[PDB]
Amino acid sequence: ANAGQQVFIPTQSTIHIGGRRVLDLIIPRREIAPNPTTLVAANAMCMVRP
Amino acid sequence: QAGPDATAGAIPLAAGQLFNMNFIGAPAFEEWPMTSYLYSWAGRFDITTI
């Protein structure tokens, strides 16, 4: 008689693991270049920009 | 370079027009229509040169 949408919370979603709130990622440079000094150099420099 | 016989279109090619080469800075990628680029050189192909 009474259809409707219904919500469920997966058990996997509630397990607590790890503690690394903050991180830094080093990304490949597609060109052979010296370390960037400006913003645009750093943007052009990357293998793929995040 | 474009060939001797000029063509129309959204990207017209004047006869002998020179291509503007791509570079690592990218305000915009640059490119030509290909059927028109071949329409330009279509008259100059010749069996001795082949």
# chains A, B, ... in the order shown; residues from 1 in each chain; ligands from 1
>>> residues_around(residues="residue 45 (chain A)", least_positions_apart="5", cutoff="8 Å", atoms="only C-alpha atoms", output="VMD selection string")
chain A and resid 29 to 31 33 36
>>> interface_residues(of="chain B", to="chain A", cutoff="12 Å", atoms="only C-alpha atoms", output="list in words")
residues 23, 24, 25, 26 and 27 of chain B
>>> residues_around(residues="residue 4 (chain B)", least_positions_apart="5", cutoff="7 Å", atoms="only C-alpha atoms", output="MDAnalysis selection string")
chainID B and resid 15:16 40:41
>>> select_by_dssp(residues="region 3-47 of chain B", states="helix (DSSP H, G or I)", output="JSON, numbers by chain")
{"B": [34, 35, 36, 37, 38, 39, 40, 41]}
>>> write_last_selection(atoms="N, CA and C atoms", output="PDB file, in the first residue's frame")
ATOM      1  N   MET B  34      41.410  19.935 -41.698  1.00  0.00           N
ATOM      2  CA  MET B  34      42.351  19.097 -42.434  1.00  0.00           C
ATOM      3  C   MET B  34      41.971  18.908 -43.900  1.00  0.00           C
ATOM      4  N   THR B  35      40.676  18.848 -44.172  1.00  0.00           N
ATOM      5  CA  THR B  35      40.216  18.720 -45.542  1.00  0.00           C
ATOM      6  C   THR B  35      40.551  19.953 -46.354  1.00  0.00           C
ATOM      7  N   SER B  36      40.584  21.108 -45.704  1.00  0.00           N
ATOM      8  CA  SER B  36      40.901  22.351 -46.394  1.00  0.00           C
ATOM      9  C   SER B  36      42.407  22.516 -46.577  1.00  0.00           C
ATOM     10  N   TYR B  37      43.153  22.066 -45.579  1.00  0.00           N
ATOM     11  CA  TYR B  37      44.597  22.004 -45.676  1.00  0.00           C
ATOM     12  C   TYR B  37      45.044  21.091 -46.804  1.00  0.00           C
ATOM     13  N   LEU B  38      44.300  20.017 -47.050  1.00  0.00           N
ATOM     14  CA  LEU B  38      44.593  19.172 -48.204  1.00  0.00           C
ATOM     15  C   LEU B  38      43.979  19.703 -49.499  1.00  0.00           C
ATOM     16  N   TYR B  39      42.909  20.480 -49.400  1.00  0.00           N
ATOM     17  CA  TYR B  39      42.338  21.125 -50.575  1.00  0.00           C
ATOM     18  C   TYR B  39      43.306  22.134 -51.166  1.00  0.00           C
ATOM     19  N   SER B  40      44.127  22.736 -50.314  1.00  0.00           N
ATOM     20  CA  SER B  40      45.112  23.711 -50.778  1.00  0.00           C
ATOM     21  C   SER B  40      46.255  23.130 -51.608  1.00  0.00           C
ATOM     22  N   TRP B  41      46.778  21.980 -51.200  1.00  0.00           N
ATOM     23  CA  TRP B  41      47.917  21.379 -51.885  1.00  0.00           C
ATOM     24  C   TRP B  41      47.501  20.412 -52.995  1.00  0.00           C
TER      25      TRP B  41
END
>>> atom_distance(atom1="CA of residue 33 (chain B)", atom2="CA of residue 49 (chain B)")
25.1 Å
>>> atom_distance(atom1="CA of residue 20 (chain A)", atom2="CA of residue 46 (chain A)")
25.2 Å
>>> atom_distance(atom1="CA of residue 22 (chain A)", atom2="CA of residue 49 (chain A)")
19.7 Å
